[PDB]
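For reference, the structure discussed in these notes is given below.
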Amino acid sequence: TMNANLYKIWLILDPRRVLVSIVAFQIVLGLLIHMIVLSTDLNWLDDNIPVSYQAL
Amino acid sequence: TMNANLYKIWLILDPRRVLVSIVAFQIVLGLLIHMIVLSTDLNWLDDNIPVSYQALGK
Amino acid sequence: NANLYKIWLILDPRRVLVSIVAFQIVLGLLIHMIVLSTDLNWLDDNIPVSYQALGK
Amino acid sequence: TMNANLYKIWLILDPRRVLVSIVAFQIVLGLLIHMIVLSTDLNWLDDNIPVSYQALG
Amino acid sequence: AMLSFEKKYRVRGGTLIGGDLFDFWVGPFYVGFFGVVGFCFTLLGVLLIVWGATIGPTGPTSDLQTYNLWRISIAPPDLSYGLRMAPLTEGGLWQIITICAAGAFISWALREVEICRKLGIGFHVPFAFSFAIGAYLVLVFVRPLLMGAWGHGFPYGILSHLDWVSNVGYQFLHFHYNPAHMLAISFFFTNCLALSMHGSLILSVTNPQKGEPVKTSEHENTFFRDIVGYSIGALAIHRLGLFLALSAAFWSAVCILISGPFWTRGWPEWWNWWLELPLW
Amino acid sequence: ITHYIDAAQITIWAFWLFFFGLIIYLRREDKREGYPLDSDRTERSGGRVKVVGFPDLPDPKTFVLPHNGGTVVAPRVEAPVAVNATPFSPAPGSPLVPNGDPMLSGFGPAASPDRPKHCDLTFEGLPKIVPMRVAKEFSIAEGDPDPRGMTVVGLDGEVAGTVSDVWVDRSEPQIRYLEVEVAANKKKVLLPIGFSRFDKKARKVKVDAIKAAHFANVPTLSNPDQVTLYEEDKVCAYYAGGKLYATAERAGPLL
Amino acid sequence: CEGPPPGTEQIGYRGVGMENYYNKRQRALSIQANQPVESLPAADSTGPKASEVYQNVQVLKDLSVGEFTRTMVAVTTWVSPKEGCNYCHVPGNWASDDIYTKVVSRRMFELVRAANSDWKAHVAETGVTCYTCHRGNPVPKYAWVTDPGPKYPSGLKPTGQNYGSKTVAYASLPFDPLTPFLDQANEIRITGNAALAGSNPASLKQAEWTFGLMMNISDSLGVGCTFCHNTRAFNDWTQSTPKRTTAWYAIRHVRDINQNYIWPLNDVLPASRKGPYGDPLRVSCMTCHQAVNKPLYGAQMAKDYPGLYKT
Amino acid sequence: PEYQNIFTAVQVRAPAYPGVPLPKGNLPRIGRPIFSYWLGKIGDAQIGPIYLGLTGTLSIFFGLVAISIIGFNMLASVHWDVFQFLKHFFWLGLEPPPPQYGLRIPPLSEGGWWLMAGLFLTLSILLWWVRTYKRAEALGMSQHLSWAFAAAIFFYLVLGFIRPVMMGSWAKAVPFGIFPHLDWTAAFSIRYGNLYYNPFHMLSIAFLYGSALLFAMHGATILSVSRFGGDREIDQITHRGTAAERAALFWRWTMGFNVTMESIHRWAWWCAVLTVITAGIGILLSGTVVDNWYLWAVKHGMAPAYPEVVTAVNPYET
Ligand SMILES: CCCCCCCCCCCCCCCCCC(=O)OC[C@H](COP(=O)([O-])OCC(O)COP(=O)([O-])OC[C@@H](COC(=O)CCCCCCCCCCCCCCCCC)OC(=O)CCCCCCCCCCCCCCCCC)OC(=O)CCCCCCCCCCCCCCCCC
Ligand code: BCL
Ligand code: BCL
Ligand SMILES: CC[C@H]1c2cc3[nH]c4c(c3C)C(=O)[C@H](C(=O)OC)c4c3nc(cc4[nH]c(cc(n2)[C@@H]1C)c(C(C)=O)c4C)[C@@H](C)[C@@H]3CCC(=O)OC/C=C(/C)CCC[C@H](C)CCC[C@H](C)CCCC(C)C
Ligand SMILES: CC[C@H]1c2cc3[nH]c4c(c3C)C(=O)[C@H](C(=O)OC)c4c3nc(cc4[nH]c(cc(n2)[C@@H]1C)c(C(C)=O)c4C)[C@@H](C)[C@@H]3CCC(=O)OC/C=C(\C)CCC[C@H](C)CCC[C@H](C)CCCC(C)C
Ligand SMILES: COC(C)(C)C/C=C/C(C)=C/C=C/C(C)=C/C=C/C(C)=C/C=C\C=C(C)\C=C\C=C(C)\C=C\C=C(C)\C=C\CC(C)(C)OC
Ligand SMILES: [Ca+2]
Ligand SMILES: [Ca+2]
Ligand SMILES: [Ca+2]
Ligand SMILES: [Ca+2]
Ligand SMILES: [Ca+2]
Ligand SMILES: [Fe+3]
């Protein structure tokens with residue numbers, strides 16, 4: 001349920017500073033999540049799938 | 001049971017300074033709570049459910 | 001006391017609210033962290049079941 | 001669906017600073033991604049493919 | 001000899017002790033009462049150091065006596081002498097030289113006070129020098145006293161006193177974890193950064209690029225605001241540098257004062273109060 | 001094989017060579033003010049002998065002042081300036097004694113060089129140090145008392161006057177002088193912040209340097225709305241003379 | 001925080017700074033906590049040897065029956081005083097070895113006898129009893145197992161360090177030096193014997209493992225490094241104290257105890273006596289010394305029990 | 001009593017200074033300056049604005065990546081447990097790769113994160129060096145700061161990069177962590193036979209002590225003549241005042257010689273810079289040239305000798 005006057009938020013919070021912060025937060029959050037997953041069983045880089053590429 | 005004049009809280013506290021603080025706190029609390037849960041038996045990433053994906057390659 | 005309301009003639013209502021809000025959040029975090037450090041820990045107690053065991 | 005008035009974003013964010021920050025971000029990302037992959041099974045420098053050159057000596 | 005602007009400052013008076021008796025210069029040096037007293041302590045101490053080098057630890061005929069500059073060492077007495085005076089050849093020489101040094105150091109600072117009085121300047125320099133004296137006195141007086149023997153002092157030898165530091169440090173297994181020591185080092189390091197920052201900025205605005213005029217206070221503030229978003233100010237940088245240097249000396253004295261008198265175990269184990277807090 | 005010479009020993013010796021060269025460099029830079037020295041050897045040699053020590057003086061450098069302020073050279077030949085004092089003893093190394101009333105002698109801690117008769121300038125070229133009456137964009141920081149209207153007391157607690165204005169640094173905002181309207185003669189004189197302690201609750205400025213009656217002789221400004229370097233030093237030196245001269249006990253000694 | 005004055009002892013030559021400091025009040029309470037249990041009255045040393053009276057005596061053969069019984073009473077107080085004789089014995093059958101505690105105890109007798117007779121370079125004439133380790137507890141309070149450290153996610157290999165661990169006296173040094181040095185026998189020396197580079201392949205990381213072991217050794221004996229070293233030259237035996245020579249043999253002694261006495265008992269010890277890696281609780285410097293430079297402050301207990309010596 | 005000029009008793013305010021205008025090609029500064037009353041008690045109350053072009057933006061990005069890689073691994077080493085991360089923070093670290101990998105890029109699971117943190121902090125610092133150079137260029141100032149910064153970068157580079165490469169192994173570099181990097185410091189001295197006997201260690205100490213000596217002297221000297229405007233060193237240098245005259249005479253009368261208002265900052269500059277120059281050389285020579293500094297000091301006749309009051313039989317001989 002959203003309000004019909006929700007657009008008035010841009011009379012309160014600076015659009016410029018909000019946009020910059022969002023892309024900064026999302027970029028940092030995305031780096032963090034990729035980091036967490038690599039450090040777990042879900043790692044898709046060192047899983048040797050489809051094959052191991054390190055030949056003897 | 002809230003007070004009818006509770007809206008008057010925005011006559012005392014700046015709505016703008018309040019909104020930024022809630023967003024920052026909620027982001028950090030969210031990050032904090034996720035990490036605490038990952039540190040326990042509740043971990044949903046290293047639990048090998050549904051399967052262990054590293055076994056598939058070793 | 002009947003004249004307790006005059007406390008707001010002495011102490012700034014705006015900083016007291018902020019101090020109460022700030023103090024309560026830290027205290028809440030502190031108390032959770034204390035309880036989670038003891039036998040009362042409800043997250044790593046394998047209750048209702050151990051989910052790491054479920055994956056072995 | 002792209003918006004027809006999206007161009008007005010350059011009325012909000014400074015075009016020069018945006019350009020500078022993208023270049024900076026991408027140089028970092030490029031080095032970071034190359035290094036992560038070099039620390040994994042996908043490494044293409046020490047994989048002895050097509051041969052190991054330290055063994056010819 | 002005098003600086004070409006110096007003669008108009010060579011005023012009579014402002015002594016703490018001595019008055020007209022010793023109120024004179026010897027070349028550049030001001031003497032005064034504490035100049036005379038300090039000179040005697042100093043020449044004696046230096047000559048007794050050289051005499052200790054002449055006879056060595058076990059007499060001038062032994063193979064341990066040496067004038068090698070790194071190897072000369074005058075050592076404090078055995079701990080068994082406690083707070084008593086040892087024989088001159090068994091550490092008492094060290095004990096007399098220590099008193100000369102303290103007297104030499106304290107006389108130097110009081111002479112500085114008389115010079116400040118002549119020049120009508122603040123007393124910051126002798127006040128700051130007192131922190132160095134205090135640290136020396138913590139090392140040779142307060143800390144030995146609290147532990148009960150002058151022999152806890154360090155020896156007077158260019159390399160031999162590093163052996164003292166080494167073995168005292170490792171009595172606590174891993175002396176790096178001393179909290180006052182960490183704090184003091186932070187001050188020593190921060191002081192060095194701040195000093196290079198200050199020296200660089202003054203030389204760079206008074207010696208600008210060729211063809212440029214001397215730069216301004218506005219340049220100085222702008223320059224560090226441009227780099228770190230803050231400028232402390234040309235007065236405050238001198239406030240900061242004094243605070244950092246004195247803090248480094250103070251926490252030095254604290255960090256050795258607590259090592260023995262107020263703590264006897266390894267220094268890492270001190271941090272177990274943190275680890276054992278009921279939060280984790 | 002074995003060799004006595006090794007790279008650590010070679011390098012440490014190389015450092016000493018660098019370091020002693022550096023020390024001589026630094027000692028040369030140190031002689032760009034105050035040299036050659038005033039000695040009695042230069043007097044008796046009829047000026048043939050200049051006392052400079054070792055190393056000798058560097059070749060002169062030039063400082064280019066902004067806003068067409070001219071050129072400063074260092075080292076420089078400075079004209080001897082008379083010393084308003086007579087020797088306590090004729091023997092070398094003896095102090096001197098100020099002529100007349102010491103406060104007014106310009107000697108000892110009352111002394112100062114003759115700085116330039118112009119005003120230090122902002123980057124934009126305005127007089128840097130000015131009263132708040134002129135720099136109307138300045139204000140007192142909220143939380144601190146306004147010194148204007150505070151009472152100025154001398155070392156003996158007597159009322160010297162009232163703070164009539166505050167002189168600020170326009171380049172790096174701070175109070176540099178208080179302006180004191182002296183009760184005795186109604187003249188307006190500068191008071192350096194370095195000589196001022198605020199007693200905020202009393203709204204009093206305490207000046208330990210001089211007595212209330214000494215405020216009558218603070219050097220005066222040629223122009224009431226700016227201050228020259230020359231006047232800055234004359235003002236500060238007059239207060240500083242009080243540290244040694246303002247009372248008898250201040251001559252010393254303690255014992 | 002502690003209060004002055006500390007107790008002090010000079011170790012080296014004056015001014016070298018080899019000095020020990022300790023807290024007088026903690027020493028007094030430690031001395032109270034390291035009291036030796038008074039020895040039993042002497043028994044008649046005559047009559048038949050235990051080898052010919054009892055049915056399954058494999059170690060204490062030459063003791064008289066009196067000296068043998070006296071020994072059984074003593075070990076009960078030292079090891080299992082709450083449980084009594086039947087901690088190690090099948091009720092109604094003293095000869096039976098059909099309980100794991102008796103099999104372990106038999107080897108413990110050989111452990112102690114080997115210590116008292118063959119390791120005097122370490123334990124001198126003081127020696128050890130069961131009490132030295134057990135202190136009236138069946139399971140020694142200060143036994144150890146290989147420490148796995150904190151949990152990591154599956155994609156990160158544990159470092160074995162950078163963690164607040166009591167084992168290295170609360171440094172962040174490698175926190176399990178016991179397994180590589182007091183169980184296995186990894187080389188502890190890293191200092192070179194030549195001024196110039198060219199012949200010392202030891203590494204900085206080996207230095208950190210060695211440093212971690214020395215914290216543990218020092219912490220186990222309640223001493224600083226200067227108890228055994230002149231720290232201007234850690235490697236130089238000529239500037240070390242005789243305690244360093246003693247410590248050298250003690251390291252080899254500890255290795256012998258774990259490899260040859262404790263480890264072969266692993267299969268017969270219950271799972272409760274084993275660490276997460278399946279290894280048995282075993283012996284370090286702390287197990288006997290318990291933060292004292294000599295166990296029990298050098299109390300001579302073994303000398304009153306002839307059965308605690310070989311042949 | 002007197003005013004010591006330690007705290008500003010009465011602060012004044014004026015609209016924030018936006019900074020000296022920079023030549024075309026420099027980006028506009030960013031930030032709306034604020035005033036801190038409490039910063040204004042000890043120094044300048046203005047915070048901001050700041051310059052941030054491509055160099056500093058690239059620098060900060062590299063630096064945030066580096067710092068986060070470190071922190072992530074610290075948190076991972078207590079299994080994401082934030083409370084244990086706070087408990088153990090001073091002990092946690094990001095560890096260099098094992099020696100078995102030499103100078104090759106090691107696996108993500110065992111040292112790859114250290115090498116990435118080291119690479120990106122190093123690039124972050126190098127870009128910060130360029131920033132210090134550019135900010136002086138845009139103001140028309142000489143490059144003394146960037147020269148001194150280069151000396152610090154030299155030492156930093158020797159510790160973590162130059163020496164490990166010379167020694168053929170990242171395992172010989174420094175771990176990222178509070179107490180872990182203290183372990184490294186002590187272990188380094190142990191391994192190389194007591195760093196006290198390294199002569200460049202001795203020199204580096206002389207210059208580190210000298211920096212505190214010189215700033216105590218200079219810091220205290222200037223405050224004592226600040227009553228004469230001595231803190232305004234630009235105009236005291238171009239137009240010697242009684243501040244600069246009284247300062248020199250205090251020291252001339254104390255110890256027989258003195259410097260100038262300009263040249264003390266040269267003494268200060270060189271003392272601070274030589275601290276890290278000699279430190280780099282000392283570390284650069286350890287392991288590469290000298291393996292045991294004590295035995296090197298013995299060899300050149302420097303090590304003190306003492307009467308023998310303790311001694312130990314070497315069980316390896318017996
Ligand atoms: C692996 C390395 C990794 C490093 C990573 C770094 C990352 C950054 C990379 C990029 C680096 C870029 C470098 C700068 C680029 C260009 C900058 C520029 O604008 O140039 C124009 C620049 C400006 O021109 P200018 O007209 O002079 O303008 C000056 C201004 O007007 C105002 O000038 P001023 O009036 O203030 O005067 C300037 C100042 C000049 O000072 C400096 O600017 C440089 C300061 C030195 C920095 C480096 C430290 C040196 C360490 C030496 C000790 C090593 C131990 C071994 C000893 C070996 C030597 C023998 O004057 C002095 O201080 C005189 C110094 C005299 C030297 C010592 C005196 C004795 C010498 C020997 C005496 C004889 C021996 C026997 C004697 C016998 C009797 C006893 O040209 C210069 O003249 C200045 C040169 C300085 C720039 C280069 C050097 C510093 C920068 C690199 C430092 C690196 C440190 C690493 C050391 C490693 C260990 C050895
Ligand atoms: C075993 C534990 C569960 C789990 C349990 C929970 C629970 C329980 C909750 C979350 C919630 C969240 N989880 Mg989780 N979470 C899991 C796994 C993940 C993983 C992952 C890689 O595995 C990720 C990236 C996330 C991410 C997130 C966020 C989307 C969200 C908290 C945002 C916040 O703090 O906003 C703070 C920012 C603000 C308040 C500013 C205002 C909000 C703005 C306007 C909206 C932003 C988008 C919004 C969060 C969308 C939520 C949509 C869906 C309900 C997810 N979860 C696992 C499987 N997660 C929370 C949630 O849904 O919140 C609604 C929540 O309560
Ligand atoms: C026995 C162990 C129990 C438990 C016992 C308790 C107890 C007991 C209490 C909490 C309280 C809290 N617990 Mg807990 N808690 C458990 C598990 C959790 C977990 C988890 C991951 O497992 C989380 C994230 C939380 C989170 C929280 C918060 C909802 C709350 C603290 C708010 C605060 O500090 O306000 C401080 C900030 C302010 C006062 C600011 C002013 C008002 C603000 C702006 C509005 C806040 C809305 C408020 C949170 C609404 C929620 C009330 C519901 C009844 C929960 N609990 C387990 C199951 N928890 C407290 C609580 O319920 O408070 C009412 C409390 O006393
Ligand atoms: C003379 C030798 C000494 C010395 C000199 C020296 N150091 C120097 C310099 C010099 C001359 C500089 O010019 C340079 C400097 O700029 O100082 C002001 C520097 C410096 N010395 C530094 C530190 C330093 N120096 C040290 C030592 C020393 N420096 C010496 C003893 C040490 C010690 C003792 O170990 C340290 C820790 C830095 C303060 C600075 C170099 C800074 C740098 O390289 O920065 C880039 C690196 C980063 C990691 C950037 C990270 C970004 C931050 C995390 C900020 C995040 C911002 C973000 C936008 C926030 C957004 C959040 C939103 C929610 C708002
Ligand atoms: C408190 C911050 C720092 C500091 C500040 C400080 N030091 C100061 C001052 C100040 C403000 C001065 O005004 C004063 C000065 O005049 O400097 C030029 C001084 C000074 N600080 C000095 C030294 C110095 N300060 C040091 C440290 C520090 N000083 C701090 C870290 C150290 C260190 C770290 O070791 C030393 C080497 C002198 C240059 C000078 C004081 C000169 C003086 O007092 O002269 C009279 C004494 C002699 C000429 C020699 C006396 C000889 C003795 C009688 C016999 C020797 C006994 C001695 C104990 C033997 C030591 C042997 C071995 C250790 C090698
Ligand atoms: C979860 O955490 C978040 C994300 C929230 C953020 C928190 C971060 C935190 C808390 C970080 C804490 C960091 C701390 C405490 C760090 C302490 C660091 C210390 C004390 C470091 C001290 C010294 C380190 C040194 C000297 C390292 C030097 C390393 C160098 C010079 C390495 C260089 C490596 C290079 C150049 C590699 C090149 C790679 C090549 C090119 C060779 O590839 C083949
Ligand atoms: Ca894959
Ligand atoms: Ca899962
Ligand atoms: Ca549960
Ligand atoms: Ca390939
Ligand atoms: Ca480590
Ligand atoms: Fe300065």
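Order determines the names: the first chain of the structure tokens is A, the second B, and so forth; residues in each chain are numbered 1 upward, and ligands are numbered 1 upward as they are shown.
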
Given a cut-off of 12 Å, which residues of chain C touch chain E, counting only C-alpha atoms, written out as a tab-separated table (two decimals) with C-alpha atoms, in the first residue's frame?
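Saved as selection33.tsv:
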chain	number	residue	atom	x	y	z
C	29	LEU	CA	22.21	-4.23	20.82
C	30	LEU	CA	24.33	-4.62	23.96
C	31	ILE	CA	21.81	-6.80	25.81
C	32	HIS	CA	21.26	-9.09	22.81
C	33	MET	CA	25.03	-9.47	22.45
C	34	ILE	CA	25.33	-10.29	26.16
C	35	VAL	CA	22.58	-12.92	26.14
C	36	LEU	CA	23.94	-14.47	22.93
C	37	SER	CA	27.30	-14.94	24.70
C	38	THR	CA	25.80	-17.27	27.33
C	39	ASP	CA	23.88	-20.52	27.69
C	41	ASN	CA	21.82	-18.25	23.17

For this session: Taking only C-alpha atoms and all ligand atoms into account, report as a ChimeraX atom specification which residues have an atom no farther than 8 Å from an atom of ligand 7.
Result: /A:43-51

If the cut-off is 12 Å, can you tell me the residues of chain G near chain F, counting only C-alpha atoms? I'd like them as a JSON list (two decimals) with N, CA and C atoms, in the first residue's frame.
[["chain", "number", "residue", "atom", "x", "y", "z"],
["G", 194, "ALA", "N", 75.79, -17.05, 10.73],
["G", 194, "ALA", "CA", 76.71, -16.18, 10.02],
["G", 194, "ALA", "C", 76.10, -14.79, 9.89],
["G", 195, "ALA", "N", 76.96, -13.77, 9.97],
["G", 195, "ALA", "CA", 76.49, -12.39, 9.85],
["G", 195, "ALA", "C", 75.79, -12.16, 8.52],
["G", 196, "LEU", "N", 76.41, -12.59, 7.43],
["G", 196, "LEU", "CA", 75.96, -12.23, 6.09],
["G", 196, "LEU", "C", 75.01, -13.29, 5.55],
["G", 197, "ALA", "N", 74.09, -12.86, 4.69],
["G", 197, "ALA", "CA", 73.15, -13.78, 4.08],
["G", 197, "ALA", "C", 73.88, -14.78, 3.19],
["G", 198, "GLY", "N", 73.30, -15.97, 3.06],
["G", 198, "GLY", "CA", 73.83, -16.94, 2.13],
["G", 198, "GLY", "C", 73.67, -18.38, 2.57]]

Exercise. Could you name the residues that touch residue 276 (chain H) at 7 Å or less, counting only C-alpha atoms, but leaving out those on the same chain fewer than 4 positions away, as a PyMOL selection string?
Worked result: chain H and resi 151-152+155+204+280

For this session: Kindly provide, as a ChimeraX atom specification, all nucleotide and amino acid residues lying within 6 Å of ligand 6, counting only C-alpha atoms and all ligand atoms.
Result: /H:67-68,70-72,75,105,115,118-119,122,156-157,159-161,174-178,181

Could you produce a table of the residues of chain B lying within 12 Å of chain G, with the nearest pair of atoms per residue and their separation in Å rounded to one decimal, using only C-alpha atoms, ordered by chain and increasing residue number, as a Markdown table?
| residue | atom | partner | partner_atom | distance |
| --- | --- | --- | --- | --- |
| B:38 | CA | G:153 | CA | 9.7 |
| B:39 | CA | G:151 | CA | 8.9 |
| B:40 | CA | G:151 | CA | 10.4 |
| B:41 | CA | G:151 | CA | 11.8 |
| B:43 | CA | G:153 | CA | 10.2 |
| B:44 | CA | G:153 | CA | 11.8 |
| B:45 | CA | G:153 | CA | 9.3 |
| B:46 | CA | G:154 | CA | 6.9 |
| B:47 | CA | G:154 | CA | 9.9 |
| B:48 | CA | G:154 | CA | 10.3 |
| B:52 | CA | G:154 | CA | 10.7 |
| B:53 | CA | G:154 | CA | 11.3 |
| B:54 | CA | G:154 | CA | 9.4 |
| B:55 | CA | G:154 | CA | 11.8 |

Residue 258 (chain G) environment, 8 Å, only C-alpha atoms, sequence neighbours closer than 6 positions dropped, as a PDB file with C-alpha atoms, in the first residue's frame:
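Output contents, as saved in around-v7.pdb:
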ATOM      1  CA  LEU G 182      55.658 -30.743  21.642  1.00  0.00           C
ATOM      2  CA  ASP G 183      54.083 -33.714  19.833  1.00  0.00           C
ATOM      3  CA  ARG G 282      48.153 -35.180  26.328  1.00  0.00           C
ATOM      4  CA  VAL G 283      51.106 -33.421  27.859  1.00  0.00           C
TER       5      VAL G 283
END

Interface, chain F side, toward chain E (6 Å; only C-alpha atoms) as a compact mmCIF listing (two decimals) with N, CA, C and O atoms, in the first residue's frame:
# COMPACT_ATOMS: atom_id res chain seq x y z
N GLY F 34 70.92 37.46 10.88
CA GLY F 34 71.71 37.72 12.06
C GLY F 34 73.20 37.68 11.84
O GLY F 34 73.96 37.99 12.76
N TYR F 35 73.64 37.32 10.64
CA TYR F 35 75.04 37.21 10.27
C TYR F 35 75.41 38.26 9.24
O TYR F 35 74.56 38.70 8.46
N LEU F 37 78.29 38.14 12.48
CA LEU F 37 78.05 38.41 13.89
C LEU F 37 78.68 39.74 14.31
O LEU F 37 79.72 40.15 13.80
N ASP F 38 78.02 40.40 15.26
CA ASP F 38 78.56 41.58 15.94
C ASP F 38 79.54 41.11 17.02
O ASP F 38 79.12 40.53 18.02
N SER F 39 80.83 41.38 16.84
CA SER F 39 81.86 40.99 17.79
C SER F 39 82.75 42.18 18.12
O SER F 39 82.72 43.21 17.45
N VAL F 64 60.01 37.07 -3.52
CA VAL F 64 59.15 37.96 -4.31
C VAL F 64 57.81 38.13 -3.61
O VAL F 64 57.06 37.16 -3.45
N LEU F 65 57.50 39.36 -3.20
CA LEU F 65 56.28 39.57 -2.43
C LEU F 65 55.09 39.71 -3.37
O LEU F 65 55.23 40.28 -4.46
N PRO F 66 53.93 39.22 -2.98
CA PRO F 66 52.75 39.36 -3.84
C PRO F 66 52.29 40.81 -3.87
O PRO F 66 52.74 41.66 -3.09
N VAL F 83 71.68 50.80 20.51
CA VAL F 83 71.11 50.04 21.61
C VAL F 83 70.87 51.05 22.72
O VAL F 83 71.80 51.74 23.15
N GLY F 93 80.94 40.13 27.54
CA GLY F 93 79.92 39.22 28.04
C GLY F 93 79.03 39.77 29.13
O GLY F 93 78.23 39.02 29.69
N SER F 94 79.13 41.07 29.44
CA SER F 94 78.29 41.68 30.46
C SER F 94 76.95 42.10 29.87
O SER F 94 76.88 42.52 28.71
N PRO F 95 75.86 41.99 30.64
CA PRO F 95 74.57 42.51 30.17
C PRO F 95 74.61 44.03 30.11
O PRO F 95 75.57 44.68 30.52
N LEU F 96 73.53 44.60 29.59
CA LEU F 96 73.32 46.04 29.61
C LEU F 96 72.08 46.41 30.41
O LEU F 96 71.23 45.57 30.72
N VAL F 97 71.99 47.70 30.73
CA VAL F 97 70.95 48.25 31.59
C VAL F 97 70.18 49.28 30.78
O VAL F 97 70.80 50.16 30.18
N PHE F 107 64.41 48.46 24.91
CA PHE F 107 65.59 47.64 25.15
C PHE F 107 65.20 46.46 26.04
O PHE F 107 64.23 46.54 26.80
N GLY F 108 65.96 45.38 25.94
CA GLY F 108 65.65 44.16 26.64
C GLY F 108 64.41 43.52 26.04
O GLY F 108 64.26 43.47 24.82
N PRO F 109 63.52 42.97 26.87
CA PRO F 109 62.28 42.41 26.32
C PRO F 109 61.33 43.47 25.77
O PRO F 109 60.33 43.11 25.14
N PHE F 123 45.32 37.17 0.58
CA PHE F 123 45.60 36.71 -0.78
C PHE F 123 44.99 37.66 -1.81
O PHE F 123 45.61 37.94 -2.84
N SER F 171 42.58 36.47 6.88
CA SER F 171 43.05 35.30 6.14
C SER F 171 42.71 34.00 6.86
O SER F 171 42.25 33.04 6.23
N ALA F 240 55.53 43.11 26.26
CA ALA F 240 56.52 42.13 26.69
C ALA F 240 57.55 42.73 27.63
O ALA F 240 58.06 42.04 28.52
N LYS F 243 56.83 42.18 31.32
CA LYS F 243 57.18 40.90 31.93
C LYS F 243 58.42 41.00 32.80
O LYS F 243 58.51 40.36 33.85
N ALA F 251 62.58 41.66 38.39
CA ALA F 251 64.00 41.62 38.06
C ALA F 251 64.67 40.34 38.54
O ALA F 251 65.70 39.94 37.98
N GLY F 252 64.13 39.70 39.58
CA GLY F 252 64.83 38.62 40.23
C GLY F 252 66.01 39.08 41.04
O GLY F 252 66.28 40.28 41.18
N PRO F 253 66.76 38.13 41.63
CA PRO F 253 66.51 36.69 41.65
C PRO F 253 65.56 36.22 42.74
O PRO F 253 65.10 37.01 43.57
N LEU F 254 65.29 34.91 42.73
CA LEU F 254 64.58 34.29 43.84
C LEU F 254 65.47 34.16 45.07
O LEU F 254 64.98 34.24 46.19
N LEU F 255 66.74 33.84 44.93
CA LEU F 255 67.50 33.65 46.17
C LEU F 255 68.97 34.00 45.99
O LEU F 255 69.34 34.63 45.00

For this session: Pull the helix (DSSP H, G or I) assignments for chain C out of DSSP run on the backbone, and list those residues as a VMD selection string.
Result: chain C and resid 4 to 10 13 to 35 53 to 55

Problem set entry | Within 8 Å of ligand 2 (only C-alpha atoms and all ligand atoms), residues as a PyMOL selection string | (chain A and resi 33+36-37) or (chain B and resi 22-31+34+37-38+42-45)

Exercise. If you count only C-alpha atoms, which residues fall within 7 Å of region 206-223 of chain G, apart from same-chain ones fewer than 2 positions away, as a VMD selection string?
Worked result: (chain E and resid 173) or (chain G and resid 167 to 169 173 to 175 177 188 190 202 to 204 225 227 285 to 286 289 to 293) or (chain H and resid 187 191)

Problem set entry | d(CA of residue 168 (chain H), CA of residue 106 (chain H)) in Å |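 Distance between the two atoms: 13.5 Å.
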
For this session: Determine, counting only C-alpha atoms, which protein, DNA and RNA residues have an atom within 12 Å of an atom of residue 7 (chain C); residues of the same chain fewer than 6 positions away are not included. Present the result as a PyMOL selection string.
Result: chain C and resi 1+13+16

Writing out the chosen residues with C-alpha atoms as a PDB file, in the first residue's frame:
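Writing the result to again.pdb gives the following:
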ATOM      1  CA  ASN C   1       5.195  14.601  40.885  1.00  0.00           C
ATOM      2  CA  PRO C  13      13.255  18.173  24.904  1.00  0.00           C
ATOM      3  CA  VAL C  16      16.730  14.237  25.448  1.00  0.00           C
TER       4      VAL C  16
END
